[PDB]
Structure formats: C-alpha cells, structure tokens
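**Q** The structure that follows is given in the form of structure tokens.
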Amino acid sequence: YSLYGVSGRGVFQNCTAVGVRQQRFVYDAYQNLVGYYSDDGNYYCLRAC
Amino acid sequence: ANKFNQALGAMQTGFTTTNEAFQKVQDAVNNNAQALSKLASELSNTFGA
Amino acid sequence: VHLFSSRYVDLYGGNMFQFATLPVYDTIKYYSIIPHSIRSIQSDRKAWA
C-alpha cells in the first residue's frame with residue numbers, strides 16, 4: 001500500500017471493528033499501524049510483511 | 001495416603017497467583033518474551049535521529 | 001487555530017476530536033469570555049448551565 005498519511009507494506013483484510021472511525025488510522029502502542037483505513041468505507045486491517 | 005493425596009490436591013488447586021514458584025515461571029516466560037519481543041520493539045520503531 | 005469537540009465523533013462519551021483548522025497564523029496570546037445575557041421577560045426566565 002501507499003496511503004497519503006504513511007508508506008508501508010501490508011496484507012489488508014476485512015477485519016472488525018476497533019478504531020476511531022473519523023480520523024482514519026489505528027496504531028497499536030508503537031509507530032506501526034494495525035491498520036485499517038483507508039478505504040471507503042471498510043475495515044482493511046493491515047499486517048506486517 | 002489421604003493426607004498425601006490431600007497435599008497433592010492443594011498442589012493441584014494452587015498455581016495462581018500468590019504461589020511463586022509460579023510467578024517465577026511467568027517471570028521466566030515474561031522474561032524471555034519481554035526481552036525478545038519487547039526489546040526488539042525498542043530496537044526497531046524507533047531508535048535513530 | 002484548531003477547534004475540537006466531542007459532538008460529532010463521541011457525543012455520548014466526551015472524547016474531543018478536531019473539527020476545524022482556522023487560518024489564523026498570528027499567534028494567539030490572549031483570550032476572554034464574551035458575556036451573554038438572555039433578554040427574557042420575567043415569566044420566561046431560565047437557569048443556564
């Protein structure tokens with residue numbers, strides 16, 4: 001992927017359902033994003049390489 | 001025999017949490033899991049300038 | 001200048017999220033509260049939070 005917000009390499013999946021949902025990302029206690037948003041409008045949660 | 005089996009019975013029931021040895025065991029699994037994953041999370045993302 | 005509110009994203013819980021960035025680039029150093037008074041008649045008087 002290459003989101004406007006950040007670079008990265010991930011495997012998106014239609015996951016559920018944890019986030020903020022109005023700003024787009026979700027992190028897990030580090031710099032990484034685990035990981036949905038951005039798609040319109042669904043939960044494409046990402047993973048590491 | 002019933003006192004031996006009673007002793008082993010309380011040895012069955014009691015692991016968590018106030019019964020170190022067991023907190024030593026999770027001090028070990030949390031030790032090497034902490035060192036591995038958490039130190040490797042400090043090593044990457046982020047260190048540098 | 002960034003404005004935040006709980007209204008749009010967390011109406012029932014209170015977390016604040018950004019809803020505007022105002023093109024005000026002169027640094028704000030001062031503020032005051034503008035007093036409002038409600039021109040009710042005596043029989044229409046309410047208490048305001």
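Scheme for the structure tokens: letters A, B, ... for chains in order shown; per-chain residue numbers from 1; ligand numbers from 1 in order shown.
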Give me, as number ranges by chain, the residues of chain A touching chain B, with the criterion being at most 12 Å (counting only C-alpha atoms).

**A** A: 28-33

**Q** Take the selection from the previous step and output its residues with N, CA and C atoms, as a compact mmCIF listing (two decimals), in the first residue's frame.

**A**
```txt
# COMPACT_ATOMS: atom_id res chain seq x y z
N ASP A 28 -1.05 0.54 17.20
CA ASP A 28 -1.02 -0.32 18.39
C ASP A 28 0.23 -0.01 19.18
N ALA A 29 0.16 1.03 20.01
CA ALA A 29 1.14 1.37 21.04
C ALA A 29 2.56 1.63 20.53
N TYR A 30 2.76 1.68 19.21
CA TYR A 30 4.08 1.93 18.66
C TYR A 30 3.91 2.84 17.46
N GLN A 31 4.92 2.90 16.60
CA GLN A 31 4.79 3.69 15.38
C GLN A 31 3.92 2.97 14.35
N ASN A 32 3.80 1.65 14.46
CA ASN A 32 3.13 0.88 13.42
C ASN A 32 1.63 1.15 13.43
N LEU A 33 0.99 0.76 12.33
CA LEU A 33 -0.45 0.89 12.18
C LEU A 33 -1.02 -0.49 11.92
```

**Q** Any idea what's packed within 10 Å of segment 20-30 of chain C, counting only C-alpha atoms, ignoring anything in its chain fewer than 4 positions away? Could you give it as a list in words?

**A** residues 1, 2, 3, 4 and 5 of chain C

**Q** When you get a sec, could you note down which chain A residues fall within 9 Å of chain C, using only C-alpha atoms, as a short mmCIF file (atom, residue, chain, number, x, y, z; two decimals) with N, CA and C atoms, in the first residue's frame?

**A**
```
data_model
loop_
_atom_site.label_atom_id
_atom_site.label_comp_id
_atom_site.auth_asym_id
_atom_site.auth_seq_id
_atom_site.Cartn_x
_atom_site.Cartn_y
_atom_site.Cartn_z
N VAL A 20 -11.31 4.58 15.71
CA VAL A 20 -11.89 5.89 15.96
C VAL A 20 -12.99 6.18 14.97
N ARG A 21 -12.73 5.86 13.70
CA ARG A 21 -13.58 5.93 12.52
C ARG A 21 -13.84 7.33 11.99
N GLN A 22 -13.31 8.39 12.58
CA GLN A 22 -13.40 9.62 11.81
C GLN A 22 -12.12 10.24 11.37
N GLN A 23 -11.09 10.15 12.20
CA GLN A 23 -9.79 10.15 11.54
C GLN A 23 -9.41 8.70 11.28
#
```

**Q** Between atom CA of residue 36 of chain A and atom CA of residue 49 of chain B, what distance in Å does the model show, to one decimal?

**A**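 Value for the atom CA of residue 36 of chain A-atom CA of residue 49 of chain B distance: 28.0 Å.
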
**Q** Would you pick out the contacts of residue 14 of chain A at 8 Å or less, using only C-alpha atoms, so that residues sharing its chain but fewer than 4 positions from it are not included, and give the list as a PDB file with N, CA and C atoms, in the first residue's frame?

**A**
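Once everything was written out, this is out02.pdb:
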```
ATOM      1  N   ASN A  42     -14.596   0.806   4.768  1.00  0.00           N
ATOM      2  CA  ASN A  42     -14.492  -0.514   5.366  1.00  0.00           C
ATOM      3  C   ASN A  42     -13.197  -0.634   6.151  1.00  0.00           C
ATOM      4  N   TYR A  43     -13.024  -1.815   6.725  1.00  0.00           N
ATOM      5  CA  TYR A  43     -12.005  -2.090   7.725  1.00  0.00           C
ATOM      6  C   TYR A  43     -10.921  -2.971   7.109  1.00  0.00           C
ATOM      7  N   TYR A  44      -9.942  -2.362   6.452  1.00  0.00           N
ATOM      8  CA  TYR A  44      -8.891  -3.166   5.826  1.00  0.00           C
ATOM      9  C   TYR A  44      -7.646  -3.216   6.706  1.00  0.00           C
ATOM     10  N   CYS A  45      -7.709  -4.075   7.726  1.00  0.00           N
ATOM     11  CA  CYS A  45      -6.703  -4.054   8.780  1.00  0.00           C
ATOM     12  C   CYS A  45      -5.393  -4.615   8.255  1.00  0.00           C
TER      13      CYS A  45
END
```

**Q** Could you tell me how far atom CA of residue 16 of chain C sits from atom CA of residue 35 of chain A, in Å to one decimal place?

**A**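 One can read the atom CA of residue 35 of chain A to atom CA of residue 16 of chain C distance as 21.7 Å.
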
**Q** For a test of reading the model, state the distance in Å between atom CA of residue 15 of chain A and atom CA of residue 46 of chain A, rounded to one decimal.

**A**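 For atom CA of residue 15 of chain A relative to atom CA of residue 46 of chain A, the distance reads 9.0 Å.
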